[PDB]
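The next block holds one structure in the form of structure tokens; read it before the comments.
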Amino acid sequence: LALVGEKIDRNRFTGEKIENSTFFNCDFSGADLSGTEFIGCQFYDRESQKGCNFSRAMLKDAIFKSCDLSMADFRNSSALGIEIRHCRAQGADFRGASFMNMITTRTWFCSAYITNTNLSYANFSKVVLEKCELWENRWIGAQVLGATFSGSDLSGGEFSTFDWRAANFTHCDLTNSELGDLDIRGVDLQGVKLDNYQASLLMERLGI
Amino acid sequence: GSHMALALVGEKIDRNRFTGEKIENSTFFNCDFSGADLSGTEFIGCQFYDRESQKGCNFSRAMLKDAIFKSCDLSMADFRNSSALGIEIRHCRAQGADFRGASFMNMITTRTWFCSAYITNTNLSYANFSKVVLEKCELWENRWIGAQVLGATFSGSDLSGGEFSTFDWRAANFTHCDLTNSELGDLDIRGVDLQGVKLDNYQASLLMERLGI
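As they're listed, the protein sequences go chains D and A.
So for the first sequence, the deposited numbering puts the first residue at 3; every next one is plus one.
So for the second sequence, the deposited numbering puts the first residue at -2; every next one is plus one.
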């Protein structure tokens, strides 16, 4: 399977399963991708330098494994309990995307599974991702201002060019990660889990 | 020249009554040594505090270059404004002693200044070190509980094996200090400058836990 330049109809792939396909410059905006599963699929065209629009797509329980989602516009999604794995999503736009259930609780709760995924330069400004599976990702350069990952599990993460001040990390698990310029003086770390190797390393940053 | 088993009380010591001598197992209660010259004078197992008077001896402005106190009871001695370069206080008790103004510095054989003091194994509970310059000195194995240190600097010194329970860590300058093997109290790395100081495994673990890790 290999579409190009098409705008995808609301119910074209709903619930379906697709493998080793390619969608270049397609426009899944507004689509209904509940229960859809993409495997080995590519959504980013290099000769073209453009990716796919997923803005406002319904993605409740959607699934992405080993896909290339670079430059994916996930703005304003509905992505409750979705899972992303071994994917490339460098530069992808996540602002607006809701990973939270607002119905079966009288407040809110989150659900989301994004691992083994390259999130470099992804935009998570203001995103809510409390208590989710966010382990083993590359976060280099990702915008995270206003976000909150409180209680999530980010263990095994790369954070080389990453502003630890901009988002709420209280209660996350950061064991076994590349922490970059994390400075325990100016960054609430209440409840967070560290590995001894890092622990020492962080003292070193303080002159000790 | 030496003295043994003295018991002085309420006397005012003369400049040279003891200069450079060796004194043992003696008590002096409520004696003003103010201004005396105790250069090189050695005191062993002496007592300068009396539990019945609740009084100490005045050492203010005493000249104490190279002086030795060993195994003495200096509870609330007044050393204010003294000259104690190269002094030495080992295994002494010195609760409430007042060191404010006492220079531990050499300002002759240098362009500027340097320090020299050996105070170790000493109980310094509620001692007063406001503004004291104590750079690069042996200060190991003391009890510091309650000590006033506002404006002092211990920079470079070796405080290893110490006891700092009720101790205000933002008060003085502890850069480059050796603080290993010590009970560290309420020390919090977020609030205080620890550039160059040395901590051990155990200690370091405990300072993380404080933050919440």
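All residues carry an ideal CB built from backbone N, CA and C; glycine is no exception.
Chain-ordered neighbours of residue i on chain A, where CB pairs are closer than 9 Å
i        : result
D:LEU184 : Those do not exist, as D:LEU184 stays about 12 Å from chain A at its closest Cβ, beyond 9 Å.
D:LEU191 : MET205, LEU208, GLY209 and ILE210
Buried versus exposed, by CB contacts within 10 Å (16 or more), residue i
i         : result
A:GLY53   : buried
D:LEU82   : buried
A:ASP175  : buried
D:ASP185  : exposed
A:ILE105  : exposed
A:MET1    : exposed
A:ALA4    : exposed
A:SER162  : exposed
D:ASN198  : exposed
D:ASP183  : exposed
D:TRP110  : exposed
D:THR150  : buried
A:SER(-1) : exposed
D:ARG207  : exposed
Beta carbon proximity, residue i to chain A, threshold 8 Å
i        : result
D:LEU156 : no
D:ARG187 : yes
Minimum Cβ-Cβ distance from residue i to chain B less than 8 Å
i       : result
D:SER23 : No chain B appears in the structure shown, which is made up of the protein chains D and A.
Amino acids of chain A, ordered along the chain, whose beta-carbon sits closer than 8 Å to that of residue i
i                      : result
residue 214 of chain D : Limits of chain D in this structure are 3 at one end and 210 at the other, which puts residue 214 of chain D out of reach.
Selected residue, minimal CA-CA separation from residue i, among the options
i        : options                                   : result
D:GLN92  : D:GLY209, D:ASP70 and D:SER57             : D:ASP70
D:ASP155 : D:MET60, D:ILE142 and D:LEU131            : D:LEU131
A:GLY193 : A:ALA201, A:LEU203, A:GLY153 and A:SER202 : A:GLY153
A:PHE45  : A:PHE30, A:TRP137 and A:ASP34             : A:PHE30
D:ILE86  : D:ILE10, D:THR38, D:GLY98 and D:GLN51     : D:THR38
A:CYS89  : A:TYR199, A:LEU181, A:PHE15 and A:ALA124  : A:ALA124
D:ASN55  : D:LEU184, D:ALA99, D:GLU21 and D:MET104   : D:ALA99
A:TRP137 : A:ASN118, A:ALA144, A:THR16 and A:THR150  : A:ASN118
D:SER23  : D:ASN13, D:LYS62 and D:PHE66              : D:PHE66
D:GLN200 : D:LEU181, D:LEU147 and D:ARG48            : D:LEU181
A:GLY158 : A:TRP141, A:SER(-1) and A:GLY(-2)         : A:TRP141
D:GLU49  : D:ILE210, D:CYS134, D:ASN27 and D:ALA33   : D:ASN27
D:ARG12  : D:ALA59, D:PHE171 and D:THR150            : D:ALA59
A:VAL146 : A:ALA94, A:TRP110, A:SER179 and A:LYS195  : A:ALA94
D:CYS112 : D:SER80, D:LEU121 and D:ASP197            : D:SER80
D:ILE10  : D:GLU206, D:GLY32 and D:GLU21             : D:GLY32
D:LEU196 : A:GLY148, A:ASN170 and A:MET205           : A:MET205
A:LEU61  : A:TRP110, A:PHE101, A:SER202 and A:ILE210 : A:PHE101
A:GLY7   : A:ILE41, A:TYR115, A:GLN51 and A:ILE20    : A:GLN51
D:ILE41  : D:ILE20, D:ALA169, D:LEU35 and D:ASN120   : D:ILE20
D:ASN178 : D:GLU160, D:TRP166 and D:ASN103           : D:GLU160
Interface residues of chain D facing residue i [CB-CB closer than 8 Å]
i        : result
A:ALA201 : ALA201, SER202, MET205 and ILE210
In DSSP terms, what residue i is bridged to
i         : result
D:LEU5    : D:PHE25
A:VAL130  : A:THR150
A:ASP175  : A:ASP155 and A:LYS195
D:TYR115  : D:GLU85 and D:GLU135
D:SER162  : For D:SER162, which the question treats as bridged, DSSP gives no partner whatsoever.
D:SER100  : D:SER80
A:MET60   : A:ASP34 and A:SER80
D:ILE41   : D:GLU21 and D:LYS67
D:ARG140  : D:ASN120 and D:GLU160
D:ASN55   : D:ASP29 and D:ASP75
A:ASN13   : In the DSSP output, where bridge partners are listed per residue, A:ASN13 has none listed.
A:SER(-1) : A:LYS19
A:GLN92   : None; A:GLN92 has no bridge partner.
A:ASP47   : A:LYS52
D:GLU180  : D:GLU160
A:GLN200  : Paired residues: none, contrary to the question.
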